[PDB]
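Before any questions on how it binds or moves, here is one chain, the form deposited in one PDB entry, in structure tokens.
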């Protein structure tokens, strides 16, 4: 039947990939944040157990207040991990989700409508003499018209891809913010333990 130019085709492939990537990347980033939460929880637990025994054991010794120093340090890291979840979630996931329920969905729609209009024209073309020229003409009009709409929505999404890179950036952003935030917490308690071991 009717065939679409290669440009249109390549443009479609890219949109496809993009759409599928945004799909998996998003699901796996969610699975990722699941385990992050899981670890974050376990962290806080270990942290408490420390703050706890460091209590019971008493502070007249060394291991007692140390379990307390490392204790809170561990728990603060824990809370920073939670902040990270929230960051990734609303600055990377949500945007991609919105891209999928808005732009990608709409493209998919136009593409379906284009296919329908294409098939319908190929059919009405088969019966050229049988059907009134006006009807055929419209069939062709509708096809061209749908092709144009699909080309625009696809093109606009593909041309705005620098924003996907901003989103990837957003992820790496919150990522770096957490690790830097943590290097502080740790580096701090890493000096307090340096003391004790020195007041040895």
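Each form is matched to the other, and the largest set of C-alpha atoms that superpose within 1.5 Å is called the rigid core. Residue numbers count along the first chain shown, from 1.
Form deposited in another entry: not shown, discussed below.
The Cα position of residue 153 differs by 2 Å or more between the shown form and the other one after fitting on the rigid core.
After superposing the rigid core, the Cα of residue 58 is displaced by less than 2 Å between the shown form and the other one. Core-superposed comparison between the shown form and the other one: the Cα of residue 174 travels less than 2 Å.
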